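Tertiary structure, described
One letter stands for each residue in the lines below.
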Amino acid sequence: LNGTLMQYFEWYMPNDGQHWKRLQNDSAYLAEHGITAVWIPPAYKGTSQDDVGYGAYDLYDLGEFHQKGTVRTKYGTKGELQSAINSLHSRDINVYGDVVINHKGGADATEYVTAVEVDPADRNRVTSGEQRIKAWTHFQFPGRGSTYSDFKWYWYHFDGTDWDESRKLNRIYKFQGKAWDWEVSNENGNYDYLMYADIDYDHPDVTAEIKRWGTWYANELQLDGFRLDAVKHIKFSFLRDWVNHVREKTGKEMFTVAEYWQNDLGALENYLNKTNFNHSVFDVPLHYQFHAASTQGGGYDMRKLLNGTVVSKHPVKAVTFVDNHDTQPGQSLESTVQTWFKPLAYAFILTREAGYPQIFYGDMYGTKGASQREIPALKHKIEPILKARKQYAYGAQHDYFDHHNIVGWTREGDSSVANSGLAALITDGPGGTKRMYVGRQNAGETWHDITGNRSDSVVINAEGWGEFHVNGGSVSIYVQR
Ligand SMILES: C[C@H]1O[C@H](O[C@H]2[C@H](O)[C@@H](O)[C@@H](O[C@H]3[C@H](O)[C@@H](O)[C@@H](O)O[C@@H]3CO)O[C@@H]2CO)[C@H](O)[C@@H](O)[C@@H]1N[C@H]1C=C(CO)[C@@H](O)[C@H](O)[C@H]1O
Ligand SMILES: C[C@H]1O[C@H](O[C@H]2[C@H](O)[C@@H](O)[C@@H](O[C@H]3[C@H](O)[C@@H](O)[C@@H](O)O[C@@H]3CO)O[C@@H]2CO)[C@H](O)[C@@H](O)[C@@H]1N[C@H]1C=C(CO)[C@@H](O)[C@H](O)[C@H]1O
Ligand SMILES: [Ca+2]
Ligand SMILES: [Ca+2]
Ligand code: NA
Ligand code: NA
């Protein structure tokens, strides 16, 4: 009954073309552990075979055409992906496709383009006269031809680029007659430009094409929803319209979550307001609180976890998470939740009633970067918490955020899920005890810590209270034996 997402990739997975097959093979395990949706990495051809998927060369090449030195994407072929999806669907696991429509990388050829430089800290400020540059803006798709779409891209479908091939130079170039799109993040004056060739969402052929591709992509992979990439950099009204368009065409709900990367609830609320609340956002501020708590050695005030997050104010529109492919060690938003704290963060997202929680592949199975700082596989510590969510985290919640270190919450259980109910404690410092109310309806039950961190049993008194224990820097989640 509780819904649980999984981001089914991390940055450093090996480029062996076996990921879709792995996902197919993991579908029974995922279903068994209560995963109800997976967010899959971008499924279309990037700038090379080892592209993680954000390069976005050809949105109509799902590992089907020999383009960029490969047929398969990093993850495998279209057919392998489709077989993975049909296995996931056979166990009622929904699939959300990653949508990378800010830009296009790896153009087939350059074009001579008139441009001006802009200031990278203030892209509204022009910093050169007009100059002739050689931009990677011509997309012909020679391996695909016109199969599925005859649409070709040229410089006038884009607002700019970050590379002039003639002078061999990295700056932000805005093309002649173009304007940065609005509304976008006001960071750096206007944050339309991010990388590669930036798509011009003022162009009516582009808006039409991307909407049409959206429907095609949904059909081709039988997607149940979307993860929207880089939404700070894409006209907000367009994103709103695109989501509405695909929903209208498919006739499906198409649950959507956007990645608006800002550690600021106000900025996220503005984005939600400008997209009419028609989709969810990742709870970026909550991720940063977990990171802060995990790095402050008990000095963090754990009461802070209740405030300043998307889940605290718009729980229906929050997708909560601990880490992702950008926050993992070595990556561009590095702010990793330290190993010791990571199960406590998972208890917070998985066993509390607010938010749509997401588990990270890198946390479950470890990350495969080349450092000695990789996330170890924490499957075995996360599994009991997943089970707590699947079987026990139902009914009315009571919060006990009344201490700098030891905080907890309870769930009374619901008569629709037999034996449901839980009492969770986490602490970023010394352990201890807390008396918490779990419901008079649970009076006399004997509860035990599903994580196995504590071996003691707790008998719920006549008044519906138990005395629950937690170890130092630990988590305990008590449920009925
Ligand atoms: C990879 C990521 O890049 C972009 O994110 C940038 C943020 O927009 C900036 O605001 C800034 O973030 C800082 C925070 O504002 C601040 O709270 C601070 O504590 O640290 C943050 C890191 O400096 O810098 C970010 C990094 O440039 C972009 O907005 C975001 O969407 C990007 N993530 C996705 C996009 C792409 C491109 O398709 C992929 O490379 C990623 O894997 C995606 O997940
Ligand atoms: C999985 C589900 O997550 C989202 O909905 C959940 C909210 O995020 C939670 O906060 C909670 O909502 C309650 C509020 O916390 C509370 O303040 C009060 O307003 O009552 C709310 C309703 O009880 O619980 C919600 C789940 O009931 C998200 O909005 C929703 O779209 C998500 N559902 C999709 C997911 C799956 C599979 O994972 C599909 O089966 C569904 O069809 C999708 O709709
Ligand atoms: Ca853009
Ligand atoms: Ca524009
Ligand atoms: Na643009
Ligand atoms: Na603390």
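The rules behind the values
- Residues numbered from 1 in each chain as written, not as in the entry; some residues may be left out.
- Chains lettered and ligands numbered in written order.
- Heavy atoms only, no water.
- UniProt positions renumbered as here; feature names shortened; annotations may be inferred.
- Near = heavy atom within 4 Å.
- Polar contact = N/O pair within 3.5 Å; in protein donor to acceptor, adjacent residues only side chain to side chain.
- Domains from an automatic or database assignment.
- Pairing = 2+ DSSP bridges.
- Helix = DSSP H or I, 4+ residues; strand = E, 2+ residues; numbered from the N terminus.
- Axes fitted to C-alpha atoms, helices over the stretch in contact; angles between N-to-C directions.
- Donors = N, O, S within 2.8 Å, 3.2 Å for Na, K, Ca; no water.
- Buried < 20%, exposed > 50% of the residue type's maximum accessible area, 1.4 Å probe, protein only.

The record lists X-ray crystallography as the method behind this PDB entry and 1.9400 Å as its resolution.

By the naming in the PDB entry, the protein chain goes by Amylase and is assigned to Bacillus licheniformis. The title field of the PDB entry reads "Crystal structure of Bacillus paralicheniformis alpha-amylase in complex with acarbose". The heading Subcellular location (unreviewed entry) in the UniProt record of the protein chain holds the text "Secreted".

Looking now at the site of ligand 1. In the neighbourhood of ligand 1, 20 residues make up the surrounding shell, with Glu187, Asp229, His233, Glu259 and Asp326 lying closest. Contact distances for ligand 1 include 2.5 Å between an oxygen atom and a side-chain N or O atom of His233. Within the side chain of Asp326, an N or O atom sits 2.5 Å from an oxygen atom of ligand 1. No fewer than three residues from each of domain 1 (1-101 + 204-394) and domain 2 (102-203) sit in the shell around ligand 1.

With that settled, the discussion passes to the sheet that holds strand β12 (residues 255-258). With parallel pairing, the eight strands of this closed barrel are ordered in space as β1-β2-β3-β11-β12-β13-β14-β15. With strand direction ignored, the average angle separating the axes of adjacent strands in the sheet is 25 degrees. The pairing of strand β13 (residues 280-282) with strand β14 (residues 318-321) spans two bridges and is classified as parallel. Looking at the pairing, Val281 lines up with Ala318 of β14.

This part is about the coordination of the sodium ion (ligand 6). Donor atoms from the polypeptide that coordinate the sodium ion (ligand 6) comprise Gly298 (O), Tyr300 (O), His404 (O), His404 (ND1), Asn405 (OD1), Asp428 (OD) and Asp428 (OD), at 2.2 to 3.2 Å from the metal. When the donor residues of the sodium ion (ligand 6) are listed from N- to C-terminus, their spacing reads G-x1-Y-x103-H-N-x22-D. No difference in accessibility class separates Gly298 from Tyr300, as the two residues are buried.

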